[PDB]
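Presented as structure tokens, the chain that follows is alone, the form deposited in one PDB entry.
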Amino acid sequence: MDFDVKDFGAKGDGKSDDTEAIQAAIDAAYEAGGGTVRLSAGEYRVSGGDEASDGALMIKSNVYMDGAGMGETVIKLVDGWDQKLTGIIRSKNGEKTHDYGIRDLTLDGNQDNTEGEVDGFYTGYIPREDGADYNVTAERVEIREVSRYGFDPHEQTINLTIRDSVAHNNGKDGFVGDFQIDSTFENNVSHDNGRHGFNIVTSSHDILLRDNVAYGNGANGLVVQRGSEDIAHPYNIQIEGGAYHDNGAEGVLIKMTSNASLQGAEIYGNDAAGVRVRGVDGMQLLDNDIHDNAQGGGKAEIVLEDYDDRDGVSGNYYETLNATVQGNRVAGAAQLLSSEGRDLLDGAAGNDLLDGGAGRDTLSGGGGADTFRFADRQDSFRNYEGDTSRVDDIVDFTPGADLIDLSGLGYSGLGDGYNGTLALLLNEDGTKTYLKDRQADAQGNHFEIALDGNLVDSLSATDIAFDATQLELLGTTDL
């Protein structure tokens, strides 16, 4: 059978302290080897213990707590509590608790009637040490009015799944995954939180974020970040679907992360850029709908940039690398900058800036007047003796609108390809146009740019900026 807290003396009347009865039900379920602790409809008042790590209710291995539904079963911190409480429901610190979860209930932090930092649901083994909770589940759970963190799974947790859950009106973050491994957040809503809707931090890796919605938060709707500690970066973070809109900061912020992907999401109405990527080694930005961002100021809907933490906790400089930005609808300017490696960068209807950096890159501007910047002669070249092509190709250059920014390369204009000029040439097929420097460097490399189509007769000098003054007069972007 199931274990009913009201059979253990829980009143569920909104005043009596039901902590002991709920914990007795949990302990009885544990003694039998596992089970379900069921709470009928009602408001159950709970309190904490002697220490912060005691939380309020200590859930245990093989024990699931199952209420009557969000707003129907409410576990609410007692009025006047003035003690920091790390997890109204939590597992034990120093124990690798496993195969437990919470279903069909509301956790209420009673922040209006209590003092101190309170978190709703807390998991993990020990900060900074090895060992993990595993097989943790939260389904159809609402966490509200906690002072710091609504859902705060922590270090370490393996195979956590939070689904169909809501976190709202919490102090800092509705959902925060700290060192989650092989974990899934799906079909959740995080809104009206103090700082973040969703926060993936502290070396979390192999995380799926599917069809989540974040709005009304004081900062990012979703942030994937290393954190404030000198620790390993998160990696393998796959965001699919969902919406991140009307937040006080960027819709989606990804910084100091490896192999992150954001696909199929709707990102609009945010105060900062819709998508901001800072020092990410491996970033896929695919088939998103990004519009009407930067509502509190800013010039870009999408920002790709590095992160200089040389004066920070790590002392390192992190370059954004290995970017594939394709298929997005972006109703504004996109700053698509990358570095060494092959990058595929596609703009949208806005006035975009594209620079793939070193390596062989494929650039396309889409609609609007787009600037394609080439900042170094080593960033696009062909070696004829080796018959090796490392030539950036521009897919859809439009001479009447787009601009090639070569202002820092020391070329003076079009010509025969020697002595500071670039030769405008057509391939023998008529399908490709080339801007070629016919002078080889010491390594036998020729600086070249490939443009798909036949542009020998329409591409002119005013389409290329050869120095700083020409860039000043011809610039197509505010970036």
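Start at 1 with the first residue shown and count on from there. Here, rigid core means the biggest group of C-alpha atoms that superpose within 1.5 Å across both forms.
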Open item on the list: Which is higher on mean Cα B factor in this entry, 374 to 382 or 240 to 248?
Closed with: 374 to 382
Task: Mean C-alpha B-factor comparison - 463 to 471 and 20 to 28, higher one - done: 463 to 471
Open item on the list: Looking at the C-alpha B-factor values in the deposited entry, which of 259, 159, 225, 110 comes out highest?
Closed with: 259
Task: Residue with maximal Cα B-factor (values as given in the PDB entry) among 217, 364, 288, 203 - done: 364
- [ ] Relative to the other modelled residues of the same chain, rank the CA B-factor of residue 403 and answer lowest, middle or highest third.
- [x] middle
Task: Assigned third (lowest, middle, highest) for the C-alpha B factor of residue 64 - done: lowest
Task: Modelled-residue ranking by C-alpha temperature factor, third containing residue 94 - done: middle
- [ ] Just say lowest, middle or highest third for the CA B-factor of residue 340 relative to the other modelled residues in its chain.
- [x] highest
Open item on the list: Going by the CA temperature factor in the PDB record, which third of the chain does residue 40 belong to: lowest, middle or highest?
Closed with: lowest
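Quick note: we don't show the form deposited in another entry, though the next part is all about it.
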Open item on the list: Looking between the shown form and the other one after fitting on the rigid core, I'd like to know which of 378, 238, 383, 135 has a C-alpha displacement of 2 Å or more.
Closed with: 383
